[PDB]
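We count ligands from 1, going down the list as the structure has it; atoms in each ligand are counted the same way. To find a chain, count down the sequence lines: A is the first, B the second, and so on, and within it residues start at 1. Side chains are part of it too, since the values below use all heavy atoms of this structure and drop only hydrogens, waters and symmetry mates.
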2 protein chains.
Amino acid sequence: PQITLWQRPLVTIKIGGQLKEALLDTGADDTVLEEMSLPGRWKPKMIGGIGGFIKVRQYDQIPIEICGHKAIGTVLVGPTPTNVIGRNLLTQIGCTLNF
Amino acid sequence: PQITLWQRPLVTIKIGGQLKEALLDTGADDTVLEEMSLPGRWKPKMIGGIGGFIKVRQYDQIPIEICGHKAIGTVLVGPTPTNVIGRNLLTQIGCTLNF
Ligand SMILES: CNC(=O)[C@@H](NC(=O)[C@@](O)(CCCN(Cc1ccc(-c2ccccc2)cc1)NC(=O)[C@@H](NC(=O)OC)C(C)(C)C)Cc1ccccc1)C(C)(C)C
């Protein structure tokens, strides 16, 4: 679908059996979600953005569904102020910027 | 053009007659650039990012070219890890998300 940017591009995502609202962010390298439980192994990671860095848990090969489009990839979980879907997953659903 | 997201959506922008590299960020409400000089008076603004808040200088009605597309809008100047072009300007150049 074509998403305009007049408003924040928020979408519903299905992950870990849960439904969450997340921001499609082309400027984000990774996908980071607020505290939640995910299965499998994980490793600590520090990610930075405006304001500095925050520590998160990195889970790889996590199944995810965005706007009906299924994909799998790395999901970071930590004290992020808002849920963000990064390029690592945007690519998988064939998302592109156009103008 | 159509920009894929396998790599960071970095583009060349021109502001104050100088060329700079910036990231097209759909997850940003505003446009924030690294320290630089701009004409006129500025207003204070506190913006929040993944790592927390920072104080920035707000300049309005600033001419800025993005990938050749002409825009004139608000530009925030402050301690940002990278130059980011937010929705306020992405909308001026007709940018949309597609998948
Ligand atoms: C290598 N790091 C990254 O790729 C990281 N990227 C970012 O932080 C970037 O993509 C913006 C990611 C979206 N985020 C989402 C966000 C939304 C709301 C809040 C917030 C604010 C106050 C209170 C509660 C929440 C925090 C973050 N939005 C903002 O931070 C913007 N904020 C905004 O639109 O909010 C007014 C800003 C104007 C400050 C730029 C900006 C960035 C790009 C490239 C290099 C360094 C940084 C990472 C989070 C994916 C690891």
Nearest-neighbour protein heavy atom for atom 50 (C) of ligand 1, which is reported as residue plus atom name and distance: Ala28(A) CB, 3.4 Å
Closest protein heavy atom to atom 24 (C) of ligand 1, given as residue, atom name and distance to 0.1 Å: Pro81(A) CB, 3.7 Å
Side-chain ion pair, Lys45(A) and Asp30(A), N-O less than 4.0 Å: yes
Test salt bridge (charged side-chain N to carboxylate O under 4.0 Å, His left out) applied to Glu21(B) and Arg8(B), step by step: CA-CA 11 Å; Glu21(B) 295 298 294; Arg8(B) 290 179 182 166; over 6 Å; no
Residue and atom name of the nearest protein heavy atom (relative to atom 1 (C) of ligand 1), distance in Å to one decimal: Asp29(A) OD2, 3.7 Å
Nearest-neighbour protein heavy atom for atom 23 (C) of ligand 1, which is reported as residue plus atom name and distance: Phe53(B) CZ, 3.2 Å
More than 12 heavy atoms from other groups under 6.0 Å of CZ on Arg41(B): no
Donor-acceptor pair, side chain of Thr26(A) and main chain of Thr26(B), under 3.5 angstrom: yes
Nearest non-hydrogen protein atom, atom 13 (C) of ligand 1: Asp25(A) OD2, 3.0 Å
Derivation of the side chain to side chain contact (heavy atoms under 4.5 Å, CB included) call for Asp29(A) and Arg87(A): CA-CA 5 Å; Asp29(A) 282 353; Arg87(A) 294 187 296 101; 2.7 Å; yes
Protein heavy-atom partner closest to atom 18 (C) of ligand 1 - residue, atom, separation in Å: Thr82(A) CG2, 4.0 Å
Test of proximity, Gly48(B) against ligand 1: N or O pairs below 3.5 Å: yes
Ring geometry between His69(B) and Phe99(A) (parallel below 30°, tilted from 30 to 60°, perpendicular above 60°): perpendicular
Greater than 12 external heavy atoms within 6.0 Å of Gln61(A)'s CD: no
Interfacing atoms of ligand 1 (cut-off 4.0 Å, heavy-atom, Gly49(A)): 8 (O), 47 (C)
Atom 40 (C) of ligand 1 - nearest protein heavy atom and its distance: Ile50(A) CG1, 3.7 Å
Identity and distance of the protein heavy atom lying nearest atom 14 (N) of ligand 1: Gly27(B) O, 3.6 Å
Rounded distance (nearest 0.5 Å) linking atom CG of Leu38(A) with atom CZ of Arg57(A): 7.0 Å
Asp30(A): numbered ligand 1 atoms lying under 4.0 Å from its heavy atoms: 50 (C), 51 (C)
Part of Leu23(B) within contact of ligand 1 (heavy atoms, under 4.0 Å): side chain
